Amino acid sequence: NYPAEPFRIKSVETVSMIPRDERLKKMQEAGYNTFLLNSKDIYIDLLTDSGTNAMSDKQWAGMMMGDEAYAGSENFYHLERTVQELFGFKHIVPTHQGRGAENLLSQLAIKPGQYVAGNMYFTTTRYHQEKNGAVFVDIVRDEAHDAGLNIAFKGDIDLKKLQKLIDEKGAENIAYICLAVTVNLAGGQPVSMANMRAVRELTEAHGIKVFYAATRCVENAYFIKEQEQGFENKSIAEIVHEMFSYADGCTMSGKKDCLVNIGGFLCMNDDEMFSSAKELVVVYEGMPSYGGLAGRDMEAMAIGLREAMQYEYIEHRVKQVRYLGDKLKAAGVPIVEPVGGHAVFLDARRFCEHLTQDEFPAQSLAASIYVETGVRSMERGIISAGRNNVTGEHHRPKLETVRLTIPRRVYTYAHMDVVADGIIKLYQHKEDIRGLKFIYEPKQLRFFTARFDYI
């Protein structure tokens, strides 16, 4: 049901076990914003699963063999051949992380006035697309926008919406389809192989490109393995390779499913696009032979991507997240459903139904969680959504959530219990959670440095 860790602990990270009264003082000095907390003051840090992973002994051995050459590094060649073998693409261009690849992709594939259609969007990626003159069109299935609906493969593209876009704007006016795995804005929801294939088939008929934003493609492959009929005798590597056989290229954040602390890459099949990518990469990242990465990180990412294909590893990764969500759900705590590959999202609108969205229920719940347990979580609600600079009004997102984001191979089920038990205890007296108000609000990037006090 829940497997034990399919690894041993090789080394540990020292933590301060500061008690409740001291955590409250830290939380106050941070202005009740978990983004302002010092890492040294946090027991369990679930701010993000990006770049926070534990590497293996084998990756650390790789880190000692960094070949730091500007061109022709053995580490580059190892990353290159690993990604060619596992993802099946012709050309690989390393980037320092995922958004560096997206910056390149947008410049390579978008003419101004064109549409980019995808299964929801990621803030930075959408910025790059719009900066290049594209209009983003969301073609995810309707169910994805219903955070309570417990159904499989909620990340799937609605083929009818894609069909309508093609009919209305013309294929030649579509830059590409951006297919994300898993889908962030729906809570880490997977995409079925059936959907990927149907998308390939429709787009190919019209000459439209498909590029994958593949940041959690291994979590995705695990869901296919577990839940899509016909995949029960297939290895994770076999599923991953098939997934990408339905794309023209991809952007990858090594920092997520490649089990590293930094790293990414851009893949493609097209020789002309590759030629062009080589010129752009130099401008923003570095030579095509390192792409803004140390040789030791190309090595660590080549090693980690291969480790990610081990069935027992990814099964455990996803079931650990699931354990946390199952324990919360069994106690009545409201969460986004189904639980995603990388995180559990608390529904803070429902958890704190006595608070208005203007009193920042997600921000306040995240503060309470830290004070009660030493666990840091991320506000993913009204604060992060930011203000409308035209009107001065909050953007008021339908999702008012606290994200419990789980780094790979860092925490145990007992840490998941610390998280769950603390949240369950807060839920039992949820009416006591106080609202927040700004005492300092930056004009930009307000989630990162805003400060609050209790109402």
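All residue numbers refer to positions in the sequence shown, first residue = 1.
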Higher of the two mean Cα B-factors (283-291, 120-128; per PDB record) comes from 120-128
The stretch whose C-alpha atoms carry the larger average B-factor in the entry, 87-95 or 380-388, is 380-388
Max C-alpha B-factor within the set 76, 223, 136, 311 falls on 136
When the entry's CA B-factors for 72, 230, 100, 304 are compared, the highest one belongs to 230
In terms of its chain's C-alpha B-factors, the third that includes residue 15 is the highest
Chain thirds by Cα B factor, record data; residue 9 belongs to the lowest
Here the Cα B-factor of residue 399, set against its chain, lands in the third termed highest
Assert third(CA B-factor, residue 334) within chain per record equals middle
Of the three thirds of the chain ranked by Cα temperature factor, residue 142 occupies the highest
